[PDB]
Each structure stands twice: as C-alpha cells, then as structure tokens.
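Engineer:
Protein chains: 2
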Amino acid sequence: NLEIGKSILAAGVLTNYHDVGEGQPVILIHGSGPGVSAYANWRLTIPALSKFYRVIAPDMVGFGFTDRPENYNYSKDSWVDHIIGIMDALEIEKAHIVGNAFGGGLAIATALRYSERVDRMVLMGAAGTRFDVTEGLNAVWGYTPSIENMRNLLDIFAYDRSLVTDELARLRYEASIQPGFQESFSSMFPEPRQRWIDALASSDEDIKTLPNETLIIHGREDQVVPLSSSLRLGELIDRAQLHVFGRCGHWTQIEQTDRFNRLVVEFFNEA
Amino acid sequence: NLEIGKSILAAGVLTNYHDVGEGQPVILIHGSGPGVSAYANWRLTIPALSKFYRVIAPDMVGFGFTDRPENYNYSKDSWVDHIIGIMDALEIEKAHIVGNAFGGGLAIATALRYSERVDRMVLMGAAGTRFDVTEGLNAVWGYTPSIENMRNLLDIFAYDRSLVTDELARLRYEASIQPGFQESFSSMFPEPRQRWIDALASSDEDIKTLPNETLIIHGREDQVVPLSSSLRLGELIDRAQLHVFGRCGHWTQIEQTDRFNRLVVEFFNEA
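Here it is in structure tokens:
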C-alpha cells in the first residue's frame with residue numbers, strides 16, 4: 003500500500019508519514035474524509051514540490067495509518083500537538099504549511115499557538131472560520147461504508163463528475179473499511195456536526211493577529227466548505243492572497259493540479 | 003518622452019503605441035486616469051511579458067499621445083472599434099488582452115462584439131459590471147490639474163502611500179497638463195458620473211456568454227473600483243480564476259509587480 007510510508011514517534015503516537023525532497027521544510031496536512039491519508043490527498047502534489055523543498059506529509063492521529071490510541075481524546079489542540087510533535091521529531095524548527103480543509107483549520111490553529119514554528123501558509127478550502135454546516139459536509143462526516151456512498155462523496159468533492167469512476171469509488175471504499183478506520187472516523191464528528199466546525203475554527207480576533215504571508219485557495223463550486231468562508235479568511239488575514247478557481251470543487255489539488263502546484267511553488271519561492 | 007512610441011493609423015485615428023517582443027500577441031489596455039498612457043501604465047509589465055510574447059500597448063483615443071479628433075464621439079463602442087482597428091492595422095488576427103480598470107471594461111466589450119478576435123483575458127480592477135460610483139472614482143474622473151490633486155489621486159490608487167513621492171506627483175501633474183490632455187479628459191466623464199460606469203459596463207447576461215479563459219485580478223484595498231465588482235465578475239464568467247492581492251490598491255501592476263507579472267505569464271503560457 004503506497005499510502006504507507008515511514009514511521010516515527012511523534013507526540014507519543016507512532017506516526018505514518020512521507021518525507022521527500024531536500025531544503026526548506028513544507029508540511030502538508032490532509033483533509034478529513036473517510037479513508038483519507040496524507041498520500042491519498044497529496045500524491046499529485048508531493049512530486050512537484052519535492053523538486054524544490056523538503057516535503058513532509060503525515061497521517062494525522064485518527065486518520066490513515068498512524069496509530070489510533072485507545073481512548074484518545076481527539077481535538078483541535080491535540081491535533082496541533084501532533085503536528086508540533088512531528089516537527090520536533092524531525093528537527094523541523096520552522097516550516098511552511100499547506101492545509102486542506104480540516105488540515106487548513108489545523109494549520110491556522112498551529113500558527114496561533116506556535117507562531118515562531120510556522121512560516122508561510124497555504125489554506126485550501128480550509129476550516130478555521132465558523133460557517134453553517136452544509137449538506138456536503140454533513141454527508142462527508144456522516145459517511146457509512148458502501149461504494150454508492152463513496153461515489154456520492156466523490157461527486158460532492160468534484161466539479162467534473164466524469165473523474166468519479168467506479169474504480170476510484172471502489173478503491174476509496176476499500177480504504178474506508180480498513181481495520182479501525184470507520185470506527186475512529188464515525189466517532190470523530192458525531193451529530194450535531196456544527197459543534198465541530200465551531201470547535202475547529204479560530205476566532206476572528208485571533209486570525210487577525212496572524213503575521214504570516216498566506217495564500218488562500220478555494221474552488222468556486224465547493225459543495226463542502228462554502229467559498230464565503232475563504233472570502234472571510236481573505237478579509238481577516240493581513241498578508242493574504244486569495245485565489246479562486248472557477249470550474250473547481252473541494253478537490254482543488256486534484257482538479258486544478260498543475261495550476262495549484264505552480265501557485266504554491268512560486269509562493270514559497272518568494273521566501 | 004518615453005511615453006511616445008511608434009505611430010500607426012488605426013480605425014482612422016493616428017495612434018501612439020508600443021510594440022515589443024515576438025510570438026503570441028498580447029494587447030495591454032491602460033486605465034482612465036488624468037495623464038494616463040500605455041507606457042505610464044505598463045512600463046513595468048512590458049519587459050517581463052515581452053520575453054515570451056509580442057506585447058502591444060496602445061494609447062486609446064482621447065488618452066496619451068494618440069490623436070484627439072475634433073468632435074470625436076467617445077464611447078464604449080468607439081473604443082472597441084479603436085482596439086479592433088489597431089489589431090487590424092498590425093495584422094493581429096487573435097490576441098490575449100490585459101485590461102486595467104477602464105481598459106478591462108473595454109476588453110470585455112471587445113470580447114463580446116469580436117469573440118473570435120480575443121483569446122485569453124486578464125481583467126485588473128476592471129470596469130464591466132455596474133457598481134455604485136465611489137468617492138475614489140469620482141475624484142479620479144473629476145480631477146482638475148494641481149500637484150496636490152495629483153498627489154491625492156496617487157494616494158487613492160496606492161495601498162502604501164510611501165510610494166507617492168513629490169517627484170512622482172510632479173511628473174504626473176506635468177503629464178496631465180500637456181496640450182489637449184485635460185481638455186479631452188474633463189469632457190470624457192462629466193457629472194453625473196454613474197452614467198459612465200453604467201455605459202462602460204456589460205450586462206450580466208452577456209458576460210455569462212464569454213467562453214474565454216479569464217484571470218480576474220483585484221487589490222483588496224482598491225478605493226476606486228470595489229472588490230465586490232471583481233467578485234461579481236468571478237461569479238459570471240465561467241472559465242475564470244480570481245486572484246485578490248491583500249495590501250494592494252488600484253495600483254496592482256505597480257504595487258505587486260512581480261506577482262502580477264508571474265501570474266499573467268503563467269496564465270498565458272497555458273494556451
């Protein structure tokens with residue numbers, strides 16, 4: 003399974019992660035869909051970025067192939083602790099961070115608690131500001147295994163549904179039923195789910211204090227996280243740029259791959 | 003005067019223009035401030051783009067060093083005719099177009115009337131959709147010559163006012179009082195000025211028919227054309243991307259020069 007990479011103890015948790023490239027460190031933080039993993043989310047991003055940076059893509063605790071501690075208390079702060087633990091384990095003193103949705107919320111939270119450890123940030127269809135739960139988000143977090151349910155989720159993520167093939171739905175369905183996966187996932191964001199959007203978000207006041215050069219990316223047609231959320235982040239963060247892709251859903255790094263990779267690399271090249 | 007370039011008869015009007023580079027044609031259309039010219043607006047853009055494209059930057063009739071015909075009837079359609087006349091004069095059958103504010107409105111109007119003559123479009127703080135007149139816009143179009151009035155206009159355009167020096171205000175003031183300049187300018191957008199925003203705009207219905215890959219750029223702090231106008235264009239144009247620069251006013255190609263040039267070049271490189 004290519005989603006399985008290297009292993010390292012971070013914040014007391016055995017963590018699965020990928021580490022490719024040399025130079026300035028860049029941490030990629032995946033989203034929160036069923037069966038999600040760093041590799042699944044970033045396989046088309048890592049190759050492009052690793053040509054100029056050292057790319058670290060870890061499976062957040064509770065997701066992918068990282069250990070799922072018994073009675074583990076999942077929370078924004080614990081996930082931030084995990085990210086910092088990973089950086090500490092790898093002697094990464096400061097790094098840029100790219101966060102996808104759920105991961106974007108964690109990126110913001112990490113920059114607020116550990117400002118000196120975070121350089122530039124790329125927030126893609128990111129959580130971080132309170133917004134009313136969408137049917138798309140409730141479908142994703144409320145997922146129960148089945149090829150039809152996975153096909154529906156992939157459709158929710160995609161702008162061009164022609165990309166959602168029976169094979170892809172089958173492979174992600176299989177990833178979602180791996181031992182312990184659906185168990186940790188279903189217990190993560192139970193109803194009412196608005197509670198978790200609110201808990202993962204950061205306050206307007208706090209976000210305004212972010213000193214980091216930031217690149218906010220969003221797909222116009224995103225059915226999971228509304229475009230309005232990124233527009234808000236664009237008003238709150240001072241040194242920010244907003245890039246909205248038309249004809250693109252919540253699958254930005256997948257449906258606008260080359261454009262996304264180019265924007266990110268050039269953005270980091272400025273540093 | 004470096005603002006004076008080559009001369010060519012276009013749409014029956016002797017036109018001042020710059021032509022640099024080889025390959026795929028790109029037409030740059032300047033804005034509508036007092037003393038504006040293609041060179042003044044694009045001097046920091048032409049060098050970057052001309053390394054990969056053939057860049058044509060003409061002074062629109064009524065502006066710069068292009069002839070100002072007696073009793074000439076200035077209008078959206080006449081300006082479109084001028085743009086097409088310039089392309090015809092240079093045997094430019096199809097080209098990409100970059101339009102700054104007023105010029106962005108003309109770009110849209112040209113793409114609607116001569117769809118087959120326009121390839122990709124870059125709309126920067128562009129006119130094209132109806133929006134309520136701003137104090138900044140009324141100050142620009144209501145300008146009367148004086149170094150203090152020019153300093154005020156430059157301040158309105160800039161995010162970082164430290165860029166507005168006495169020397170720059172003096173040079174643009176001098177450009178604004180050249181023979182015939184203030185005369186054609188003041189008669190162009192007389193009060194009430196909302197009439198001209200409306201006349202230069204294109205309908206929502208028409209804009210939705212644009213098939214062109216389009217890149218919409220806007221400065222978050224723009225005091226002349228509200229960010230909301232570009233957000234609207236971003237909802238109307240199908241194959242569109244929106245890029246908003248924080249800490250940037252209506253002087254995008256000047257205050258975010260390298261970022262702007264890179265985005266534009268990569269955008270055209272895709273074609």
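Chains as they are written, first to last, in the entry's author numbering: chain A, 3 to 273; chain A', 3 to 273. A prime marks a further copy of an entry chain. The beta-carbon is built from N, C-alpha and C at its ideal position, and this holds for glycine as well.
1. With distances taken between CB atoms, is the gap from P60(A) to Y19(A) smaller than 7 Å?
2. Tell me which residues share the same chain as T136(A') and place their Cβ nearer than 8 Å to its Cβ, disregarding the 5 neighbours each side in the sequence.
3. Go ahead and pull the three-state DSSP assignment for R234(A).
4. List in chain order: all unbroken beta strand (DSSP E) runs of 3+ residues lying wholly within the segment 166-238 of chain A.
5. With distance defined between alpha-carbon atoms, name the residue in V266(A'), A97(A') and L92(A') nearest to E118(A').
6. Check whether the Cβ of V124(A) lies closer than 7 Å to any Cβ atom in chain A'.
7. State the beta-bridge partners of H245(A') as determined by DSSP.
8. Express the C-alpha separation of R70(A') and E223(A) in angstroms, rounding to a whole number.
9. If you scan the segment 47-113 of chain A from start to end, which runs of the beta strand (DSSP E) of 3 or more residues do you find wholly inside it?
10. List, in order along the chain, the chain A' residues whose C-beta lies closer than 8 Å to that of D240(A)?
11. Exposed or buried, what is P49(A') when buried is set at 16 or more other beta-carbons lying within 10 Å of its beta-carbon?
12. Quick check on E257(A) - is its C-beta less than 7 Å from some C-beta in chain A'?
13. Looking at C-alpha atoms only, which residue of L4(A), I110(A) and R174(A) is the closest neighbour of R153(A)?
14. Going by the beta-carbon positions, is the gap between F159(A) and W81(A) smaller than 7 Å?
15. Would the segment 178-196 of chain A' and the segment 42-56 of chain A' be scored as touching if the rule is three or more Cβ pairs under 8 Å?
16. Which term fits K210(A), buried or exposed, when burial requires 16 or more other beta carbons within 10 angstroms of its beta carbon?
17. If you run the structure through DSSP and keep just helix, strand and coil, what is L155(A)?
18. Show which residues of chain A' have a CB atom less than 9 Å away from the CB atom of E207(A).
19. DSSP three-state call for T146(A): helix, strand or coil?
20. Less than 7 Å between CB atoms is the rule here; does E24(A') satisfy it with respect to chain A?
21. Over the uninterrupted alpha helix (DSSP H) stretch that includes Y41(A), give me the two end residues.
22. Alpha helix (DSSP H) containing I256(A'): first to last residue?
23. Less than 6 Å between C-beta atoms, sequence neighbours within five positions excluded: which residues of the same chain meet that for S231(A)?
24. In the DSSP assignment, find the unbroken beta strand (DSSP E) run with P27(A') in it and report its ends.
25. Comparing alpha-carbon positions, which option in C250(A'), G251(A') and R234(A') lies nearest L244(A')?
26. When you compare only the Cα positions, how much space is there between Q180(A) and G33(A)?
27. Within its chain, find whatever has a CB closer than 8 Å to the CB of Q196(A); leave out the 5 residues flanking it on each side and keep chain order.
28. Short of 7 Å in beta carbon distance, which residues of its chain neighbour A40(A'), apart from the five on each side in sequence? Order them along the chain.
29. Between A128(A) and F104(A'), what straight-line distance do the alpha-carbon atoms span, to the nearest angstrom?
30. Could you check whether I219(A') and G236(A') sit closer than 7 Å to each other, using their CB atoms as the reference points?
31. Assuming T112(A') and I149(A') are in contact, meaning their beta carbons sit under 8 Å apart, how far apart are those beta carbons, in whole angstroms?
32. Kindly indicate which three-state DSSP category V266(A') falls into: helix, strand or coil?
33. For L173(A), decide whether its Cβ has a neighbour in chain A', counting only Cβ atoms nearer than 7 Å.
34. Run the CB neighbour count on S164(A), radius 10 Å, all protein chains shown included, and call it buried at 16 or more, exposed below.
35. For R122(A'), which of helix, strand or coil comes out of DSSP?
36. Checking the sheet assignment: what are the DSSP bridge partners for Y19(A)?
Structural biologist: According to the structure shown:
1. In the first sequence, counting from the first residue as 1, residue 60(A) sits at position 58. In the first sequence, counting from the first residue as 1, residue 19(A) sits at position 17. Against a cut-off of 7 Å, the Cβ pair of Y19(A) and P60(A) comes out as a contact.
2. By 1-based counting over the second sequence, the position of residue 136(A') is 134. Here the set comprises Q225, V226, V227 and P228.
3. Here residue 234(A) corresponds to residue number 232 of the first sequence, with the count starting at 1. Correct three-state label for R234(A): helix.
4. 216-221
5. In the second sequence, counting from the first residue as 1, residue 118(A') sits at position 116. Nearest of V266(A'), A97(A') and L92(A') to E118(A'), Cα basis: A97(A').
6. By one-based count along the first sequence, residue 124(A) stands at place 122. Chain A', which has no Cβ nearer than 7 Å to the Cβ of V124(A), makes this no.
7. In the second sequence, counting from the first residue as 1, residue 245(A') sits at position 243. DSSP, once it has assigned bridges, lists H245(A) and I219(A') as partnering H245(A').
8. The count along the first sequence starts at 1 and reaches residue 223(A) at position 221. The count along the second sequence starts at 1 and reaches residue 70(A') at position 68. If you take the alpha carbons of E223(A) and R70(A'), they lie about 46 Å apart.
9. 56-60 and 97-102
10. For the purposes of this step, residue 240(A) is taken as the residue at position 238 of the first sequence. By Cβ distance, chain A' contributes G248 and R249.
11. Numbered from 1 along the second sequence, position 47 holds the residue referred to as residue 49(A'). With fewer than 16 Cβ atoms within 10 Å of its Cβ, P49(A') is classed as exposed.
12. For this step, residue 257(A) is matched to residue 255 along the first sequence. For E257(A), the answer is no, since every Cβ of chain A' falls outside 7 Å of its Cβ.
13. Indexing the first sequence from 1 puts residue 153(A) at position 151. With distances taken between Cα atoms, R153(A) lies closest to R174(A).
14. As a first step, residue 159(A) is located in the first sequence; it is residue number 157 there, counting from the start. As a first step, residue 81(A) is located in the first sequence; it is residue number 79 there, counting from the start. Contact: no.
15. no
16. Walking along the first sequence from the start, residue 210(A) turns up at place 208. That one is exposed.
17. Taking the first sequence and counting its residues from 1, the one referred to as residue 155(A) is at position 153. Three-state result, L155(A): helix.
18. Along the first sequence, read from residue 1 onward, the residue named residue 207(A) stands at position 205. Correct list: empty, because the minimum Cβ distance to chain A' is about 18 Å.
19. Numbered from its first residue, the first sequence carries residue 146(A) at position 144. The answer is coil: DSSP assigns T146(A) none of H, G, I, E or B.
20. The residue you call residue 24(A') lines up with position 22 of the second sequence. No, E24(A') lies away from the interface with chain A (no Cβ there is under 7 Å from its Cβ).
21. As a working mapping, residue 41(A) is identified with position 39 in the first sequence. Taken as a continuous stretch (DSSP letters only), the alpha helix (DSSP H) holding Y41(A) covers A40 to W44.
22. On the second sequence, residue 256(A') is found 254 positions in, with the first residue counted as 1. Element bounds for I256(A'): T254 to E257.
23. As a first step, residue 231(A) is located in the first sequence; it is residue number 229 there, counting from the start. Only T131 and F133 meet the Cβ criterion.
24. The sequence position of residue 27(A') within the second sequence is 25, counting from 1. Taken as a continuous stretch (DSSP letters only), the beta strand (DSSP E) holding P27(A') covers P27 to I31.
25. For the purposes of this step, residue 244(A') is taken as the residue at position 242 of the second sequence. Closest option to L244(A'), Cα to Cα, is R234(A').
26. Taking the first residue of the first sequence as 1, we reach residue 180(A) at position 178. Taking the first residue of the first sequence as 1, we reach residue 33(A) at position 31. Between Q180(A) and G33(A), the C-alpha separation is close to 18 Å.
27. Indexing the first sequence from 1 puts residue 196(A) at position 194. If we look at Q196(A) and ignore the five residues flanking it on each side, its Cβ neighbours are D134 and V135.
28. Translated into the one-based positions of the second sequence, residue 40(A') becomes position 38. Excluding residues within five positions, the ones whose Cβ falls inside 7 Å are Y19, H20, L30, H32, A59, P60, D61 and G66.
29. One-based indexing of the first sequence puts residue 128(A) at position 126. One-based indexing of the second sequence puts residue 104(A') at position 102. Using only the alpha carbons, I get a separation of about 34 Å.
30. Walking along the second sequence from the start, residue 236(A') turns up at place 234. Walking along the second sequence from the start, residue 219(A') turns up at place 217. Against a cut-off of 7 Å, the Cβ pair of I219(A') and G236(A') comes out as no contact.
31. Along the second sequence, one-based indexing puts residue 112(A') at 110. Along the second sequence, one-based indexing puts residue 149(A') at 147. The pair is not a contact, with the Cβ atoms about 35 Å apart (cut-off 8 Å).
32. Against the second sequence, residue 266(A') aligns to sequence position 264. Helix.
33. Position 171 of the first sequence, counted from the first residue, corresponds to residue 173(A). Chain A' contact via Cβ: absent.
34. On the first sequence, position 162 is the one that residue 164(A) refers to. So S164(A) counts as exposed.
35. What you label residue 122(A') is simply residue 120 of the second sequence in a count that begins at 1. Note: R122(A') maps to strand in three-state DSSP.
36. Counting from 1 along the first sequence, the entry for residue 19(A) is found at position 17. Beta-bridge pairing links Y19(A) to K8(A) and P60(A).
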